[PDB]
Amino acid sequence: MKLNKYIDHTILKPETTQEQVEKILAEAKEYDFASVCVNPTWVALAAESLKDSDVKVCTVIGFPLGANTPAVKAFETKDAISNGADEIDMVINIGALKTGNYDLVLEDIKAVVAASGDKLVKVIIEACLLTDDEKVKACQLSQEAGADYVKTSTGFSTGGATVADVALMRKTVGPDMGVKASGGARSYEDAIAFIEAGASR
């Protein structure tokens, strides 16, 4: 129970204005959600809005395509933290993973984690573009590189979280790593199903 703390109040559409972000922040305080998720450009604003609030400021790194260099994702992480971010969601280098360049994927995630400091890092693996072997390998690489969560989706691709995917990730990273279901409409029914599949906080 207490489903409100399973909700990351998210707004990441490119056309998003300040008014809409402020509306999201207001709703987040009023309904006491776990966090707000904004693009880096709003982090500062969010940080100022939620400084007296259990609600965390979450932002996205190398988002949503994850096709940046590790140096740039690291820099964007440290910048986001300097601007007031509490959590870091990065997008895995999907292309490198599909290429079989696991060394670069690992370097990438480690680059982001190193810059993170005491802040938690979630790695969006973008499951809808992956084979099952690639999902497993993405989660293993995420755990080895020292990430705290694996996340299903950006919400900007062909599909979001599936029960099978969530269960598979949970199986892969064990019980002590976070598994977040993202992407989708998304109804509370979906959230219940994902939690039952092994999704965490």
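All residue numbers refer to positions in the sequence shown, first residue = 1.
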- Item | Higher-B stretch (mean Cα B-factor, as the entry records it), 97 to 105 or 116 to 124 | 116 to 124
- Message: When the Cα temperature factors in the entry are averaged, is it 185 to 193 or 11 to 19 that ends up higher?
- Response: 185 to 193
- Item | Highest-ranked of 63, 156, 149, 33 once sorted by CA temperature factor in the record | 33
- In this PDB entry, which of 67, 58, 47, 161 has the top CA B-factor? 161
- Item | Among modelled residues of the same chain, the CA temperature factor third for residue 142 | middle
- Tertile call for residue 83 (CA temperature factor, within chain, third-based) is the lowest
- Task: For residue 134, return the chain-relative third of its C-alpha B-factor as stated in the PDB record: lowest, middle or highest.
- Result: lowest
- Would the CA B-factor of residue 26 place it in the lowest, middle or highest third of its chain? middle
